[PDB]
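Chains as they are written, first to last, in this note's numbering: chain Z, 1 to 700; chain C, 701 to 1270; chain U, 1271 to 1320; chain L, 1321 to 1421; chain F, 1422 to 1522; chain B, 1523 to 1591; chain W, 1592 to 1648. Input: a single structure, listed below in C-alpha cells.
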C-alpha cells in the first residue's frame, strides 16, 4: 500500500514536525505504486528532516540512534524501535499490522537486508521572516566549498607561474647573453616549457571544474525557483503581466554569475595585485610609482565610461526586441495585411524602427571604441614614461636590462585587475537592482495548506448552505443567502442575467473563492478542511477560453499523467466528439498543436479541452460557458454528445443562453444572488410572468 | 536574384570611404611597424653608447606616433561602422519591402517559424558586418609587410612563424565545427526552455485549476538538466579551443627564444633586433588568432545568405494594370461564375448569377459545402474564376488594381487577428493620421465604445499578443470598428456573428440597423436567424442559387430549402 | 501556537480527526470553523486572540 | 590590515546575525515556558519541551562556535601580517646597520 | 510638440528640387501655402492652397512671384521613450552637451 | 575557384556603370529633413574626421620624407 | 567530443540527484593534486639535475 507514507508520518510523529500526507502524495507520488527510495528521501528532506541510507550490519545496530527505517527492496518495510542485548530481541514497529511487536535474532536476520535509513531532526530559524536578499543563494553556494577551494588554489598557482616567467626571461637576458652559457640556457628552456605546459593544463582544469560546479548550482537554483513560482496563488498572477514575470524569472542568471564568478575573481585580484605591487616596488620604486599613479586614471575612466555604455546597450537591446516582435507579428498576420492594403503603413513603421535600431547600434559601437581607445592611450602614455625612466636608469645604474624587461612584463600584466575592481563596484549596484526585482517573485507568500482532514474519494454530492460572497470587503454582496443541494448524477443547469452571481459558483466549488458567510461542502465534508489539490483533481471544469500546452494532442489530453495508457485517450476523445478530426489529421494523436493557433480551430481546441477534462473519471463536471463562443458545428456536436457525457457524473451547466439547458434535470434561476425560481424546463416556462419565461421570450 | 552579389553595387556605391578605410589600415600597419623599430634603435644605440639626445628625440617621436595611431584607429572604426550601418539599413528596407509583396500562396504553403527565421537571418548578417569580422581580414592582408621585415632581420626565426601559421589554421579548422554544433544545440535547448517557461506562465490558471504542478516541475527539471549539460559541453569545447591556441603560441615563443639566444651569442642578430622580432611576431600572430571566428563566419554566412535569397528569389506579383477607376459604389455583380480550388479539384460554384444594388442588405445562407464561403474571397482578388467575371460598378475586377479594391472593400471574418498595438492604433491601421473623432464614431457604430470606456487605459490599452486582454466578442467588435473606420460602400460579414458569445452578438445585431446605413452589406452566416432582416435572403446549394426572396416570402412556402434549414436550426 | 497545536498540545503529533471530534464534543467546532484560518489560527500570547 | 579587516567583517556580521536569531528564539522559548510552567506541569509535556530546548541549544552553540572560529582565523591572519613585516624589517635593518647609515 | 522636426531654411528656387516635400512656405502676411510635388520637365508646382482648401497646379512664373526665399522643412521624428529622470546635478549634463561649443 | 572569376566579371561590368547609380549630393539641412531611413542611407560620413585622418597621414608622409633626405 | 547530450549527461545534472547528494565533490576529485605534485617533483628533479656554469671576471 503506502508504507512509505505511513512510515514517513510515523517518523514525523516521533520527531514532532508537521506532515501533510496528501501533499506528499501529490508532490512525490505523482503516478503511484508507492513512493520509492529516492522520492521518500525527497519527502523527508522536504519535511526538514535529515535522512540518509547507510550500510550497516547486524552488530552495528547497537550504536545507531533509533527509530530507524529498514527499507526493504520488495515492498513492506518496518521501523526498528529498540535493539536489546540483555535478551537478544529486536523491538520493531510493524507497518502492515499497525502495531509494535517483538522479534528475535533469527527473525531480524531473515528480515534485515543490510540497508537501513538514519533519521535526525535539527532546529531552524529561517521560516518566512527573512526579506529577499543574497541570503536566498548562500545555502546552495556554500555546498560546493571544496570545489571553490580547489579553484582558488589553482588560481594561486597559475598567478605564481605568471609571476615566475618574467624572472626566467630576466635570467636569460642577464646571464646567458653576457656570459656565453649554452648550459643555463638549456635549463631555463626546460623550466619554461614545464611552466607553460603546466599553466595551460591547470587553467583548463580550473575552467572545467568551476564550470561543472556553477552548472550544478544553476540547476538547483532554477529548479527551486520554478517550484516557488508554481506554488504562488493565482491572485499574484491576476495583477502582474506575463513578460514581466518571465523577465524577473530570467533575471536569476545574472545574480548567480555575480555571486560565483565575480566575487572569487575579485578576492583573488586584490591579493594578487598586492603581491605584484610588492615585487615591482622591490625592482624599482620610481616606475612602480608611475604605474601607481596611472591606477586612478584607469579607475576613473572605467567608472565614467561604464554607465553610459550600459545605457546604450540597454536601449539597443530594447529596440532589437521590439523590432523582432514587430517582424514576427507581421509575418504571422500576412493574411490580414494582404486582405487589406496596409502594406505601405507597415513598411513605414518598419523603416522607422529599423533606422532607430541601427542608429542605436552605431552609438553603442562608437562609445565602445572611444572607451577602448582611452584605455589604450593611458597604457601607451605609461609605457612611454616607463621607457624613458628605464632607459635613464639602465644608463646610470640600479637596474640592468633584464630587470627592466621583467618589470615591463609585470607592469603590462597587472593592468586588468584594477579595471575589474572599478567595474565590480557598479556591478554590485546592478546586481542589487536585479535582486530587488526578483524579490517581487521570491518574497511573496507561497500559499500553502497546513491541516486537512484527508477525505476519501469524491462522489458527486454538492451542497451549499447560507453562502454569502463579495469580491472585496467594500464591494457589494454578490450572493445573498444562496442555499442549494445537488445529488449524485444530477444534471443541473443555472441561468440568469449579468451580475447574477452564477459566474462565481465555479470558483466556489473549487477553493479559489472563500465565502464570506456559510460554507460549501462536498459529501457532507466542509471544503475548508480538505486539501484543494485533492479536490482540484476530482473536479472537471471547462471554460469558454481554455489554454492547451504546446506539446502534442496525446500529451495535452494526458497532461494529468503521461505514463498512463493510450486507449483511454481514444475513449475520452470519442466522449467529447474530438476523435474525428484527430483521426483525420496526418500524425493523428501525435500531431503538434502549434504555437498559438496553428492548424486547430477554436471549436476543435475546445473539444480537445473537453476531452482533457473528461480523460479521467471526474464525478463533478462544470460547464462554465463551455458552449458560449463556439461555432455551429462544434456546439452541435457537443450538445449531441452531452447525453453520453453526463452519464454517471454530476454535471453543472452554467450558461447565459437558456436554450443550452433545455434537457437539464433542474434549472436554477438566479437574480442578484438569490435563487428566485427552480424546477424543470416546461414547469418553469408554464408561468407567464415568471422570470424564466421573460428571459426566454427576450432572447427568443 | 539575391546572392553574395548585390553588395558589389553597394561597395562601388561607397567607393571613396572604403578606399579611405583601406589606406588608413595601411597607415596603421605602418605605425605598428614604426614602434618596434624605435624600441630596437633605443636598445642598440642608447644603452650601448650614452645617447641622451637620441633618447630625447625618440621619446617625443614615439609619443606623437602612438597618439596618431590611436586617433587613426578610432577614425577608421568610426568610418567603417558608418558605412556598414548604411548598408544594413538598405538591406533591411529592401528585404521587408520585398517580403510584403509576396503572394499569399507563398505564406500559406510554409510555416511562420521558418519564414521568421529566414528573415531574422538579416540580423545575424548585421552582426557579421558590424563587428571585428571585416577589420581583421585587412590586417591579415597587410601583415605581409611585417613578414617581410621579419625575414629581413633573420631568415631562420621567421621560418618558425610561417610553419606555425598552418598549425593555427589546421587546429582551428579541427575545432570549429564541433563548437558550432554544440552552440546550436545549446541555443535550441534555451529556446525550448524559454517557450515552455512563457507558456507555463500564460497558463498558470489552468495549471492550478487542475493538479498538474508536479508534472510541470518534472518537465522543467528535464529541460533545465538538458540545457545545462549542453552549456557545460559548450564551455568545455571553448576552453579546449583556447588552450590549444595558447599552447601553440607558447611553444613557438619558446623555440624562437632558444634560437634567438643562440643567434645573438653567435652573431647576425643584436639584442634590440631580437626584441623587435619578437614584437613583430606577436603583432603578426594576434590577427591570425582573431581570424578563427572569421573562418567560422565566412562559412556560416554562406548558408545564411543562401536561405535569405531563397526567401528573396520569388516573384512579387507586382501589378502594372490600372485604368484609374473612380471611387466605387455598392453594387456587386456576378456573371456565369465558375470556380475550382485547383484544376484537378471539383467545381464548388457552378453558374451563379447575382446582382446587388446600393444600400441593399443581402444575406447568403446554406449548409456545409454550399460554396458560400468562397464568395468573400471572390469579391476580393484572391480567387480567380475559371469562367465568367466579377465586376464592380460594371468594371471587371480582372482589369483593376487589387490593392485599390481592397482599400475600397471592408470584410469582417471569423478570426480577425489584431496587431499588438493600442486599440486606436488597431482601429486606425489603414490611416494612422486620421482624427480621433472618426475612430470614436466607428467604435460607437460597432458598439465597442462602452467596454473600451471601462478599460484600464481606454483607447490606449494594448490588446496584447494578437489580443489577450479582451474576450473574443470584444476583439470581434474591435475588428468591426476597424472595418467601419472608413466609409466603405461594400461591407462583408463572412460568418462574423457566428463564433462569439451572448452580450456581444446581441450588441452587434442591435447596431446592425445603423451599421448598414448607406452601405451595400453582404451577410454570409450559417445560422438563419442573423439574416432575418435582410432585404434579399438567398439560399444556395452546391453553388446553385435555388431561391431568393424575403424572410416571410421564403418561409411561407413549405417546400423551400429555406424552411427545411430553418426547421433544422430551431 | 495555532488552534490545532494548542488543542493537541499534550501530543503534538495527532491527526485532525481527533481534533475535530474533540472540538465537536466541546462545542468549539463551529467558532473555529467560522474563522478564516480555521484550526490554524494563532491565538497570540496566552491566548489573547480568543 | 585594512583589506583583511574589510574582507573578514561581513562574514562575522552574518554569523552574528544568525547567532542573534538563535539567541532571540531561545529567549522567547524560555520566557514562554517559564511563564506557563503550570500548564507544562499539568499536561505532563516535559519531554517535548526538553526536546525543543535541546534542539535550540545545539543550534545556538553551533552558531557561537562558528563565530569563534571565524574570529580566531581573523586574529591569526592579522598576526601573520605583523610577523611578516617584523621579519622583513629585521632583514632590512640588518643590512641598513651593516653598511653604516 | 507633435513630435515633428521643423526648421525654416533659406532655399533658392534652383535648390528647391532637392528638398523633401511637402514643405510649408511661410509668408510675412498670413497667406501661407504648402508646397508639394515640384515637377521637373514641366517647371510646375502642385501647391496646396490653404485659402481655397484644395490642391492647385501652378507654373514657374506665378510660383516665382509667390515665393520669397524662405521655406519650412517638415520631418517626422517621434521619440519612442517613456521615462522621467530624478532631478539632480545630472540635469546639467545635457545642458553642457548642448552648449558644448 | 569559379566564384572569384564571376565576382570579378560582375565587379567590372558594374564598374563600367559607375556614377550612373550614385546618390545625388545634398546639403546638410536637406539630408537632415528626410524620412528616417533615407536620412541615414543618403547622409555621407562627415568632413571633419576625414580631414583629421588626411592631416595625420600627410604629417606622417612629410616626416618620413624629410627624415630620408 | 562530438557526441550530443547523452542520457548520462542529463541524468548527472538532474535536480533530484543533486538534492540528495550532500557535500558534493568534483567529477574527478584527484586531478588537481596529482598535477600539482607532478609539477613539484618535476621541478625538484630539474633543480637537482640542472647544471649552471661559473664565470669569474
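Each residue gets a CB set at the ideal place from its N, CA and C atoms; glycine is no exception.
Closest in C-alpha terms to residue 1342(L), from the list 1350(L), 1395(L), 1380(L), 1402(L), comes 1380(L). Taking a contact to require three or more Cβ pairs closer than 8 Å, the stretch 1399-1416 of chain L and the stretch 145-155 of chain Z do not qualify as touching.
Sixteen is the threshold: when 16 or more other Cβ atoms of the shown chains lie within 10 Å of the Cβ of residue 1309(U), as they do, the residue is buried. In this structure, the alpha-carbon of residue 548(Z) lies about 24 Å from that of residue 29(Z). In this structure, residue 528(Z) lies near residue 1303(U), with their beta-carbon atoms less than 8 Å apart. At a cut-off of 8 Å, the C-beta of residue 1607(W) has a neighbouring C-beta in chain C. Interface flag for residue 572(Z) against chain U is unset, since no Cβ pair is found closer than 8 Å. Per the C-alpha coordinates, the member of 1030(C), 999(C), 971(C), 1193(C) positioned closest to residue 1074(C) is 1193(C). At the C-beta level, residue 1039(C) and residue 1049(C) come within 8 Å of one another. In this structure, residue 63(Z) and residue 90(Z) do not form a Cβ contact; the two beta carbons are roughly 15 Å apart against a cut-off of 8 Å.
Three or more beta-carbon pairs separated by less than 8 Å link the stretch 442-459 of chain Z to the stretch 1278-1295 of chain U, which places the two stretches in contact.
Residues of the stretch 3-27 of chain Z with a Cβ closer than 7 Å to any Cβ of chain L, in chain order: 16. Taking a C-beta cut-off of 9 Å against chain U, the contacting residues of the stretch 1338-1371 of chain L are 1352, 1355, 1356, 1359, 1363, 1364, 1365, 1368, listed in chain order.
For chain W, the residues of the stretch 142-171 of chain Z that bring a beta carbon within less than 8 Å of one of its beta carbons are 143, 144, 146, 147, 150, 153, 154, 157, in chain order. Sorting 892(C), 846(C), 1236(C), 780(C) by C-alpha distance to the C-alpha of residue 1571(B) places 780(C) at the top. Residues 364 of the same chain have their beta carbon placed closer than 8 Å to that of residue 313(Z), with the five preceding and five following residues left out of the count.
Annotated three-state conformation of residue 459(Z) is coil, per DSSP. Contact annotation: residue 812(C) and residue 339(Z) have beta-carbon atoms that are not nearer than 8 Å.
Contact annotation: residue 77(Z) and residue 95(Z) have beta-carbon atoms nearer than 8 Å. Excluding its 5 nearest sequence neighbours in each direction, residue 414(Z) has C-beta neighbours in its own chain below 8 Å: 273, 276, 277, 280, 291, listed in chain order.
Per the coordinates, the alpha-carbon of residue 605(Z) lies some 11 Å from the alpha-carbon of residue 544(Z). In the DSSP assignment, residue 70(Z) is bridged to 78(Z). For residue 1161(C), no alpha helix (DSSP H) segment is defined, and its DSSP state is neither H nor E. Taking a Cβ-Cβ cut-off of 8 Å, the neighbours of residue 526(Z) in chain U comprise 1303, given in sequence order. Per DSSP, reduced to three states, the secondary structure at residue 1257(C) is coil, with no helix or strand assignment. Residue environment: residue 1498(F) is assigned as exposed (fewer than 16 neighbouring CB atoms within 10 Å of its CB, all protein chains considered).
For residue 676(Z), the uninterrupted beta strand (DSSP E) segment begins and ends at 674-677. In the three-state DSSP reduction, residue 1415(L) falls in the helix class (H, G or I). As a beta-bridge residue in DSSP terms, residue 100(Z) pairs with 93(Z).
Secondary structure of residue 1035(C) (DSSP, three-state): strand. Per DSSP, residue 229(Z) is one residue of the alpha helix (DSSP H) stretching across 184-231. The beta-carbon of residue 1414(L) is placed no less than 8 Å from the nearest beta-carbon of chain Z. Among the CB atoms of chain Z, none fall inside 8 Å of the CB of residue 1312(U). C-alpha of residue 682(Z) to C-alpha of residue 1227(C): approximately 25 Å in a straight line. One finds 1286, 1287, 1290 in chain U with Cβ atoms closer than 8 Å to the Cβ of residue 453(Z), taken in chain order. Nearest C-alpha to residue 1306(U) among 126(Z), 315(Z), 517(Z), 266(Z): 517(Z).
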